[PDB]
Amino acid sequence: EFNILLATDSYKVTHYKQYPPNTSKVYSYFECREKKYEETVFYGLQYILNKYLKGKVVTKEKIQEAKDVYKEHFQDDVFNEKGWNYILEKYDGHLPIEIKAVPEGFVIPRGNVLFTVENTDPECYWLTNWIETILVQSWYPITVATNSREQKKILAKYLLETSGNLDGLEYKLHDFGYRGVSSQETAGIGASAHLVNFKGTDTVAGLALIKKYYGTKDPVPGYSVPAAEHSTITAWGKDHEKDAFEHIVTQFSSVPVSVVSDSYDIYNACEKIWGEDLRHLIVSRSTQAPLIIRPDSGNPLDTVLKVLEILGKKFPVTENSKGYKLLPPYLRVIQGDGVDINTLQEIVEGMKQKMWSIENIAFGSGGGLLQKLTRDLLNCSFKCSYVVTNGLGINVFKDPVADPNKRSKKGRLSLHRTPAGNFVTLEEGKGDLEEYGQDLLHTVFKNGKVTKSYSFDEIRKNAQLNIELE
């Protein structure tokens, strides 16, 4: 059982005593601070609201547990038992908080307000920043979704250039990251963020998350195909790699199948085994059931180029309408080792220079997609901008002398469209002057209830590339 009284940074337990006396409102906001990655995909808050923040989240038992834990943790009694009891008694354990947010899937330039948080009861001034820790973890799905979308932009550009269309784009970057993330929960969140942009995943945890918290019209949001791992090749013994290959493509003769081919010698596997010994089993396959060859070691670009070079001399290559080389439809490649946004760029550029179509290849990305990310990439940050003390509203902010990049926004915030149709965040309550039309934030949480939410299909629509919008 999750306990929201135990789901904050320790020192926040002590903050209720530190605010100015007679403070009745604390108002805070989240942004991806301006400091590559010029725009972010807002995704993941809905999960957090539903899983952790909504409904009766305070009980007598949870207050006692927190009391006992913090007594030992601080070696002193500093826990606000009275504040939490108030919430329990007055609101039946529902949080007196109002959260406003940009729609999920929205693509927003850095430095804009993405959501705001304030208490709805003066007694709970301390509650706003108590839940900072939980809410700031939204950085992760935001960052995965953003970085995934940036990779889609690269793939789209090169696919359009070398093929003339975007067919297959949504399956070109496949989530291989399940084993390479830090936990089961992270796997689900991160996989779901990748599926904002793509439809290929092996991280099954993402499907369940999406079904429970977002929903899609389709039965599932993402797909995979049968494929070998090194163990199903190596188990046959070093002298029987060909036997393994033959068994596997025969077992999966009418559906796509990927076979990792670098257990011993990738170049030999491609040229002699696939290219000669088992060639007859490949050229007989359907366009809907290709063999996908998977190299998995060596320099990613050099290895991809060599594999294509080998296959191109053993199989009938065509030249598409753009002048780029294309493997026959029953044969494709996937590079699933060492792929991140940088190496992805290097490989597609290298292929283009060697006149190979991006139609030939798909990418699998694990740690690079889901784990090699931090809060510093987009500078996702939660800050207090407005308080009311003794009935007087004050615009508040930090502004460190040695780092102007850490300056925060002042006052009540709102998000607007400019006359040119761009986004602008108004500070100091200036949204109230109505010179910039209506606030684009929506109330998504209020007093323990989720008041607005988005289907995964809507989120996908919101996150589309301009070139997909055409």
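Sequential numbering from 1, following the sequence displayed. Rigid core here is just the name for the largest C-alpha set that superposes within 1.5 Å across the two forms.
Once the rigid core is used to overlay the structures in 7 other deposited structures of this protein, the stretch among 434-442 and 43-51 whose CA atoms lie farther from this form is 434-442. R417 is built in all of the other entries compared, counting only those with both neighbours built, so it is not a gap in a third.
In the other compared entries of this protein that model both flanking residues, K36 lacks coordinates in at least a third of them. Unmodelled residues of the deposited sequence between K410 and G411: none, the chain being continuous. Across the two stretches, 165-173 and 367-375, the PDB entry reports the greater mean Cα temperature factor for 165-173. As the entry records it, the average C-alpha temperature factor is higher for 268-276, out of 134-142 and 268-276. Sorting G83, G180, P290, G188 by the CA temperature factor given in the entry leaves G83 at the top. Out of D239, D202, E229, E150, the entry records its largest CA B-factor for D239.
When the CA B factors of the chain's modelled residues are split into thirds, the value for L45 lands in the lowest one. Sorting the modelled residues of the chain by their CA temperature factor places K325 in the lowest third. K211 sits in the middle third of its chain by CA B factor, as recorded in the PDB entry. In the PDB entry, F79 places in the highest third of its chain by CA B-factor. Residue-level temperature factors show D262 in the lowest third of its chain, judged at the C-alpha atom.
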